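Undergrad: below is the sequence, then the experimental coordinates.
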Amino acid sequence: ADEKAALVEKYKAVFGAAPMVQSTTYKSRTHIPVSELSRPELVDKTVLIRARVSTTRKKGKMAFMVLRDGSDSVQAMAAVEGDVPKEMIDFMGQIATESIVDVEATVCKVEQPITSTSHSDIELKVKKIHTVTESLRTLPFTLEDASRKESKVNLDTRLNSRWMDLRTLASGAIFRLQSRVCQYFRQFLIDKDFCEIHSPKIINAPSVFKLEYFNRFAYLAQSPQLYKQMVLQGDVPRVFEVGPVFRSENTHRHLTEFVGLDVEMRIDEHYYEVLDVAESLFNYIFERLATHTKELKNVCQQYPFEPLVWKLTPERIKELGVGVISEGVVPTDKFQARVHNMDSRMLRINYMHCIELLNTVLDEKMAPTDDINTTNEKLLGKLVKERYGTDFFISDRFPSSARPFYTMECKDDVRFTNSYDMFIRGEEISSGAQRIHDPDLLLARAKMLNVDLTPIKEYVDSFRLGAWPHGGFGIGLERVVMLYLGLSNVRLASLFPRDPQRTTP
Amino acid sequence: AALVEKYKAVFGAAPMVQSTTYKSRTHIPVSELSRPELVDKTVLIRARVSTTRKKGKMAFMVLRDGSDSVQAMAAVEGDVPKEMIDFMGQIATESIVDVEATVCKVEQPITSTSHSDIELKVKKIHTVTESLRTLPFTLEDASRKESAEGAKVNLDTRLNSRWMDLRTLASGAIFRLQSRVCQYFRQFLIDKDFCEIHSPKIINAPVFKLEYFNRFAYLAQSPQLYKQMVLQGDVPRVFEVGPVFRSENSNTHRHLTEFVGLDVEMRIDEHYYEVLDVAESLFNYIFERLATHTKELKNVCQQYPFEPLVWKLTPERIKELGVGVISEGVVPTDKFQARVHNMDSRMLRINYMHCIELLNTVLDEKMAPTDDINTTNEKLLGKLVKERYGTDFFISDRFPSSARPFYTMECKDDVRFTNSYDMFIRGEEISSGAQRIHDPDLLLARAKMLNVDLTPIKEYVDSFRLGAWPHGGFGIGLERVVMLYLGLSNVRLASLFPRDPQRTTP
C-alpha cells in the first residue's frame, strides 16, 4: 500500500496543485502569454502558459480544454502517453471552470473548422498541468450566459460579481475602449499645449453630497468647473482635467459618480475657438477608436451597433447647401447648417433652426427660446440623421434660460448665450461656452438666475485681479463610451457603478 | 469732443470680449516676440501689466505672460499723444492689455525681462480687463527667496489668493512640472500595455463619512482594493490617476487630506521583483524626462534653490563598493549587500535587514532586524545612503510583516518579513510596493492575525474565489513626488488648491 503512495510523489511534477506563487524564484522559467501563441516561431515548441480554464472535460481516454486569457483563447488536449499518465487525464477533466492553470504544452498547427477560440490555427498538446489557483465550483453565473445578446444574467447580478463579468469578450472590450478614449483625449490636448490640472473634489459649500470634515461639513464637487476657470486667472493658458465627478440630482443613462473629461482655455475673440478645439478633439478620438477593430467586433458580437457616422459626405454638403466656415461659404440650406471644414465635415445647426426642424414634425409648435427636453433631443437627432446623414452634430447658441450663471450671454440678444451642445446618436454629450470673465456681469447673471454666489466668494474674487476671456467644455467618459458603442445602459461602461441604489462593490 | 473720440481708437478700455468677431485679428503671444521675423513689425499682443510708470513725456511698462516678459515704452511723437503716456502710467498692475507695438532690437539688453534683446514701442494700448489697484500681495513679494532681504508672503495668504500666487515664476513652473509627472507616468505604462482604470471614490464602508441619499457612504483612501479586483477580471496590467483621501487630523508640512494617487497593479509570473522592476524603470523614465525641462527647473530653483536629484549610482561607485548587478549575475561583496538590477538605470536596492545594520553604524540604541524604521530614522537612513552610495533614490527590500497591511504576502522562508519594498527620495518614503495575497483563505488568516475586520469588504475577498492571478502593485503620491523631487519645504506648494484639516477654501 506504499508503492502506490510513492506513485503520488512521482506524478507531482507532472500534474496537481502547484505551490502558491510566493516570490521564491525570479525569472526561472519563460512564461508565454496566450496572446503570443500564434507567433509562427513557436510552432512545435514546448512552452509554459498560464491561463484560465474556460471549459474542460474527460472524454474517452483524453481530456479537452479551452484555455483563455481575456480576448485570447486556445484549444488544449492531452492523451495517455509514456510521459503522460491516465491520472493526469482524470485530473485535467475535473479542474473547476475559471481555475488558473500553468500548462507545459507543445504548440501544434492544426487544420480544423473555426470554433469559438480565437487561436484557430493551433492546438496545445499538454505535457504537464498544475493548478495555480482553484475556482469555487459554484459560479455566480457562467461566462457564456453573461455573454448572451439582450432580448440571461440580469444587470444587478453581473454588477454584484463584476470581476466575473469583466472576463466576457464585450465587457473586456468596453473597458479597453474606455481606456483608449482617455488616452486619445489627453494626447490630443497635450499635443495642443494643454496643461493637466488636478483640482479638489472636496469643496467648502455646494456652489450636494455633504460630508463630515473634522469639526465641520464639506461637500463633493459636481465638476471642476470653478477651479478650471480660476487656474486660467493664474495665467495658465489652457488646461484639462480627468477625474471623478459627482451628481446627486436613477435612469439607465445616468450615474451618481462618474468620470469627467474637462477642458478650459483662453479665447482671443470667440467661443468658436473652444468649439473648434472640441470638434477636432472628437474627430481625433473617433478616428482613432475606429482603428480598434478587435475591440469593436468583440463589443458588437454581444451588443450589435451600427458604427458611428460623425462626418457629412461632401455630396450631401453640396446637395443641401450646407455652409463651410473655413471656406467662407454661406449656407443656402433651409436650416442654415454649416460645417467648419471639408476635412472633418462636422454639422453645426443654430438652436433656433434646430427648433424649426423639430417644428416640421411637431403638432404643438415650440418657440425659439423653448427648451429641448430629452424626448425632443432624440427626435432632433433622428431628424438630423435622416436629413444630413450624421449621428453627431452641434446645436449652437442655446437659450439663456437653459444655461448656468457663468455662461456669457450674446451681445446682440441676451435671450441667447455664447454656448453650444454636442449630441451623439441624439443624446447630449458635451456643453461648451464662453464664460463671464467680468465679476460684475457674473454677479448680475447670478442674481438674475436667483443663484446666491456668497458661498463661492473665492471664485468670484479670482476674476477681480485682471481676467482672461475664456471658455471650455466637459465630457462624461462612461457616457461617451456608451453612446459611441450604442449601449443600452451606462453601467455597462462604468467598472464599479454608483447610482442612488448601488454603493457596492 | 471729436478729439476725445479720435483718442478712443488709440488708448482706453476696449469693449468686453463677447464673441462678436472670429479670427478677425492675429494675436501674437508674448512667448513668440523674440522670433527674428517679428523685428521691425508692429504686432498685437495681449499681456499682463507687471509694472508701469510715467517719467516726463514717456511711459515704461513690463508686459508679462507667465514666464515670458518684455519691456514696452511709449513717447509723445506723431500719433501718440501725452494723454496716452498718462493713460499707460495709471493702468493698474495685473490688468490685461491689448497693445499694438513695434518689436525693436536694443543694444544694451533689458536684463529685468526674459526678452532682453528687444523692446516694444507702443502705438496703441487698451485694457481688456482691469485689475483692482489693491492686490492681496505683490508678485515681487510672492517671488522673493526666503533667504533674501525684504517682505515675504506667508503660505496661508498665498493659498487664500492662489490665482495671484500661480502667476509667479516658481509656482507656475511647479505645476507645469506636476503635469509632466502625470504625462510621463501614463506614457511609460501605456507603452508597457497597462490599461487605465477608473474606480469609485464613494464606498459603502470604511473615514470621511458622507450623506448618500437615505444612507451613509465613505470616501476611499485609495483604489487599492479595486485595482486588485480588476485583475481578477483578467485585465493583466492597470494604472489609475485620481484623488485619494486621508482622514487623519495631521497638520504638518508634508500631509494633505486630499491628494492625487498614481496607482499601478499587475500580474506577476513568479516574484514581486517583477513589480519592483516596473516601478524602477517607471521612475527612471520620469526622472530622465523631467531633467529635460530646464526652463521650469530653473524657474523653481531661482526662488527655491535645490540640488538636482541623483537617482543612479555611477558605474564607478558600483565597482568601488562591490554592489551586485542582478542582470549580470554579479553577487555583491558590499558590506551592506546592495544591488542594482542593471548597469543602465543603476538604481540601488538594500535589503531591510542591511538597512537596519547601516543605521546601527551611527546609533547608540541598536535596532533589531524586525524593528520599524520611523520618520526620524528614514531621513537618517537616506543621509547614510547618500554619503555611502552617492544617490538620493533607493529601495529598501523585504519589510517586516508587522509594518505591512493584511493583504501583503509574507515571505515563505521567514514570515517575520514580507514580499514588499519601500522607495525613498531624499530620505523620505515615496512609494510602497508588494505582492498581494491572492489566496482567499490566507488573506483572511493574515487579517485575523492583524486583528483587521474584513466584514466591511466581503466583495474584495470574494473577488479571489473564482480563480485568482498572482499579482502586486504600488502607489505614488503625485504632490509628494513633485515636492521631494524639487526639494520643496511644504507639500502645499505642489497642490493647486490644497486641502488639509483646517483648509477647504478656495
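TA: Ah, there it is. Numbers count the residues shown, from 1 in each chain, chains lettered A, B, ... in the order given.
Undergrad: hey, where'd the helices end up in the stretch 251-400 of chain A?
TA: A:272-289, A:293-300, A:314-320, A:351-359, A:374-388 (DSSP state H, counting those that start in this stretch).
Undergrad: make JSON lines out of those helices and add distance to chain B and mean neighbour count.
TA: All C-beta spots, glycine's among them, are computed from the backbone N, C-alpha and C. Shown next, in JSON lines, are the helices of the stretch 251-400 of chain A (distance: least, Cβ to the nearest Cβ, whole Å; neighbours: other Cβ atoms under 10 Å in any protein chain shown):
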{"stretch": "helix A:272-289", "distance to chain B": "5", "mean neighbour count": "21"}
{"stretch": "helix A:293-300", "distance to chain B": "11", "mean neighbour count": "17"}
{"stretch": "helix A:314-320", "distance to chain B": "20", "mean neighbour count": "14"}
{"stretch": "helix A:351-359", "distance to chain B": "15", "mean neighbour count": "20"}
{"stretch": "helix A:374-388", "distance to chain B": "22", "mean neighbour count": "16"}
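Undergrad: among the ones you listed, which comes closest to residue B:410?
TA: helix A:293-300 (38.8 Å; Cβ to Cβ).
Undergrad: who's in contact with residue A:76?
TA: A:64, A:65, A:66, A:67, A:103, A:105, A:123, A:124, A:125, A:126 (Cβ atoms under 8 Å, 6 or more residues apart in numbering or on different chains).
Undergrad: which among these gets closest to residue A:306?
TA: Nearest to residue A:306 among the contacts of residue A:76, with distances taken as Cβ to Cβ, is residue A:66, at 31.2 Å.
Undergrad: just give the closest residue to the closest one, not the sequence neighbours.
TA: residue A:54 (4.1 Å; Cβ to Cβ, 6 or more residues apart in numbering or on different chains).
Undergrad: restricted to strands, list the contacts of residue A:76.
TA: Those of the contacts of residue A:76 mapping onto strands are A:64, A:65, A:66, A:67, A:103, A:105, A:123, A:124, A:125, A:126, per DSSP state E.
Undergrad: tell me how far the first one lies from residue A:143.
TA: Yep, that's residue A:64 we're talking about. Computed with Cβ to Cβ, to the nearest Å, the distance linking residue A:64 and residue A:143 is 17 Å.
Undergrad: for chain A, what's the longest strand?
TA: Chain A, longest strand under DSSP E: strand A:46-59.
Undergrad: that strand - contacts with which helices or strands?
TA: The contact analysis (3 or more Cβ pairs under 8 Å, 6 or more residues apart in numbering or on different chains; DSSP states H and E) places strand A:46-59 against strand A:62-69, helix A:86-94, strand A:100-109, strand A:122-133.
Undergrad: if we can go back for a sec, next, give me the two most distant ones among the contacts of residue A:76.
TA: Farthest-apart pair in those is A:66 and A:125; separation 14.6 Å (Cβ to Cβ).
Undergrad: show me what contacts the nearest residue in space to residue A:88 that is not next to it in sequence?
TA: Using Cβ to Cβ, 6+ apart and skipping residues adjacent in sequence, the residue nearest residue A:88 is residue A:15, 4.4 Å away. Residues near residue A:15 by Cβ under 8 Å, 6+ apart: A:87, A:88, A:91, A:92, A:128, A:129, A:130.
Undergrad: dump the residues you listed into TSV; add neighbour count as well.
TA: Shown next, in TSV, are these (neighbours: other Cβ atoms under 10 Å in any protein chain shown):
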residue	neighbour count
A:87	15
A:88	23
A:91	22
A:92	25
A:128	21
A:129	28
A:130	20
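Undergrad: closest one to residue A:34 out of the residues you listed, please.
TA: For the contacts of residue A:15, the nearest to residue A:34 is residue A:129 (14.5 Å; Cβ to Cβ).
Undergrad: okay, now residue A:434: neighbour count?
TA: 27 (other Cβ atoms under 10 Å in any protein chain shown).
Undergrad: part of a helix, is it?
TA: No - looking at residue A:434 with DSSP: H, G, I helix; E, B strand; the rest coil, it is strand, so not inside a helix.
Undergrad: what sits against it?
TA: Here residue A:434 is in contact with A:267, A:270-271, A:274, A:407-408, A:418-419, A:469-471, B:18-19 (criterion: Cβ under 8 Å, 6+ apart).
Undergrad: repeat the analysis, applying 6 Å as the threshold.
TA: A:271, A:408, A:418, A:471, B:19 (Cβ atoms under 6 Å, 6 or more residues apart in numbering or on different chains).
Undergrad: on the strand side of things, show who it bridges to.
TA: residue A:471 (DSSP bridges).
Undergrad: again, but for residue A:17
TA: Under the criterion used (DSSP bridges), residue A:17 bridges to residue A:131.
Undergrad: secondary structure element for the residue nearest to the spatial centre of chain A?
TA: By Cα atoms, centre = their mean, chain A has its centre lying nearest to residue A:178, at 3.0 Å. In the assignment (DSSP states H and E), residue A:178 maps to helix A:169-191.
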